[PDB]
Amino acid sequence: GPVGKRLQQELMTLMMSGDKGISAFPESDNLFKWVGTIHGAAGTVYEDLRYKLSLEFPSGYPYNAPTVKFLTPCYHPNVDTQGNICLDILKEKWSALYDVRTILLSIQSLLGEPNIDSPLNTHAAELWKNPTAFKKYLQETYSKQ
């Protein structure tokens, strides 16, 4: 299939790109469900933390955005309890040129620069302005959950 061909190419591009602290790979059988891994960037409160994500590619992909969710519970202003991410490029700003690598780099970037005006977690949004308290709470509850 053309969509499967496309996803094979996105995989190879990601494999060849060597971007730091991001990775992904088709989960077992299907080209249509992958697991990703994102490490928090150095300098941010997420440094030293890593998160697994699921990426599911719907009928209609590349024109229909993939469904991307945190599998690892992620305490962040823009992430809900179910692992849903409020990220512009995953909904209204989705472009059919975007690939997996783009999505992972955008989420990694969202970790260190949340959008506080569009919170899915209000506790985290309010705590964000206090980075030592945010980091302590984040690190100590990453361990709990």
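Just count from 1 along the sequence shown to find any residue number.
**Q** Of 95 to 103 and 112 to 120, which one has the bigger average CA B-factor?
**A** That would be 112 to 120.
**Q** Give the stretch, out of 73 to 81 and 57 to 65, with the larger mean C-alpha temperature factor in the deposited entry.
**A** Result: 57 to 65.
**Q** Say you rank 41, 87, 35, 38 by Cα B-factor from the PDB entry; which sits at the top?
**A** It is 41.
**Q** Should residue 31 be placed in the lowest, middle or highest third of its chain by the C-alpha B factor in the entry?
**A** Highest third - that is where residue 31 ends up once the chain's C-alpha B-factors are sorted.
**Q** Just say lowest, middle or highest third for the CA B-factor of residue 138 relative to the other modelled residues in its chain.
**A** For residue 138, the deposited C-alpha B-factor lands in the lowest third.
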